[PDB]
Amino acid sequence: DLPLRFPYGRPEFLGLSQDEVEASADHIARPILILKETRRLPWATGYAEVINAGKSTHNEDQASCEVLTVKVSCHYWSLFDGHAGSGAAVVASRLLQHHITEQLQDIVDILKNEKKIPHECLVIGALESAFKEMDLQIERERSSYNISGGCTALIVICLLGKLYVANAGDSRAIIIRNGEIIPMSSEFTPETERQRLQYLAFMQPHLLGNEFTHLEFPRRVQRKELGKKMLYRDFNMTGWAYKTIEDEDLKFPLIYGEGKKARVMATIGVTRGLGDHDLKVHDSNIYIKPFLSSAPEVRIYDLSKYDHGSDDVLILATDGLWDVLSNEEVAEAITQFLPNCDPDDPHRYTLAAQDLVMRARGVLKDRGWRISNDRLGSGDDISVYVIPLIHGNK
């Protein structure tokens, strides 16, 4: 009905032209696109991506990477895993950096120059406000532009010799530094956020629409067990204890499923990010957005405290990577791939990124996408940054 805020596409730094773009969206070939060696990114950052194995017509991942000027320079990398549409992810790929820039400008003069407030806390609050302000802008432009769906957001900035990794979703950032894995992010899923979700449904039961219960049970409760004792978990418990099933325990659980496929209100499997303002429950007028948050967790890495080698890297990747490769596998692939490349070859990290995507996507024969050890490959969109920390050395 309404116009697109921006045309759909792939990251601008891939310099694709719209016929290249549609050769990319091949669900059976799944071509791995990489940054052309002729186009260098900040810090010679490597990038690689690939479309899902069928579940959405378009690659709903997006990514932006550039050097911001704050009136000081600020390096920037972003990944947005869109869902239920490409809209939010494209909008955030273009506009979040503007919000980050505006928030940093409020505080840039404190940075170059009664609760005591460290300067990092100002930078963190600028990122925190920037995510909040990117939402809101999506919220208010919903009714004028077709900004479909929702997206997670994972961004990194390098400001004054520190990395700030700010995550609101289930993408993941890790540093691989001389083989050790430094996690720079945590995921926001119905699993990791259960207590927050439960407590909010408890404090505001009208958000459940008399269709869900905020209590969590080992398996689905059917009227079969009404009046029997059963294990339950409330927002205040990490553990389990017994309760007599008392009618309302019959409703669909607010949190259901195990692990990576736990879902809030039978609908969404990630609890933070942007968009999803009008997202409702399957065939229902219950809104999901009260339960989601745009608020990112922000972690800091001081680049000045370590002399990083050619192989010490920050990996940014959407769940498409991490859904099949552990942190340890990614570290093993990185540390085994990069020593085979000339350390002064600017393409190194793109090829490392291509290696990671390859190892998560796999090869399609007749048994579906398989990676190493005959494991199912990832059928999701996969986007990978490989950021060489050697260019952040003081």
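One rule holds for the numbers: they count along the sequence shown, beginning at 1.
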| item | value |
| --- | --- |
| Interval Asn113-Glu114, deposited residues with no coordinates in the entry (none, 1 to 3, 4 to 9, 10 or more) | 10 or more |
| Residues of the deposited sequence left unbuilt between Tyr306 and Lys305 | none |
| Of 147-155 and 250-258, the one with larger mean CA B-factor | 250-258 |
| Per the entry, higher mean C-alpha B factor between 224-232 and 123-131 | 224-232 |
| Selection by C-alpha B-factor (highest) of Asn285, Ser293, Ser185, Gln195 | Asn285 |
| Identity of residue with top Cα B-factor, from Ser64, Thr57, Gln354, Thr45 | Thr57 |
| Chain-wide C-alpha B factor ranking for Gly309, given as lowest, middle or highest third | middle |
| Position of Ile28 among the chain's modelled residues by C-alpha B-factor, lowest, middle or highest third | highest |
| Ranked C-alpha temperature factor of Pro218 among modelled chain residues, by third | highest |
| Ranked against its chain, the third holding the CA B-factor of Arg142 | highest |
| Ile390 by Cα B-factor - lowest, middle or highest third of the modelled chain | middle |
